[PDB]
């Protein structure tokens, strides 16, 4: 199956997402940090990252920039509803797509499926 990594600081949301994507057939890894992310990757093959850019003490747009500088991994950002700026900046950093909170899961899974089709 395709390997998805969810980068999500908030434990409830972490579980909700991992649960939903596991239920849809994916190999899912979770991490709360960009260090966690950098670790799963150097150490495992990852097809797509769902990256919540509201990471306390961390810059998720610069994490995006770094990822795309190094690899063609799929990147879908999770942004807040007060984040218009982050949308365009996030795409400029190299994200393939973004979705906003609150997270509409049915639509997110279709975006993930379509991007994975492009990736593989």
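Numbering follows the first chain given and starts at 1.
Looking at 56-64 and 83-91 together, the entry lists the larger mean B-factor for 83-91, computed on C-alpha atoms.
For the pair 70-78 and 23-31, the record assigns the higher mean C-alpha temperature factor to 23-31. In the deposited entry, the Cα temperature factor of residue 6 sits in the middle third of values across the chain's modelled residues. The deposited CA B-factor of residue 46 belongs to the middle third of values across its chain.
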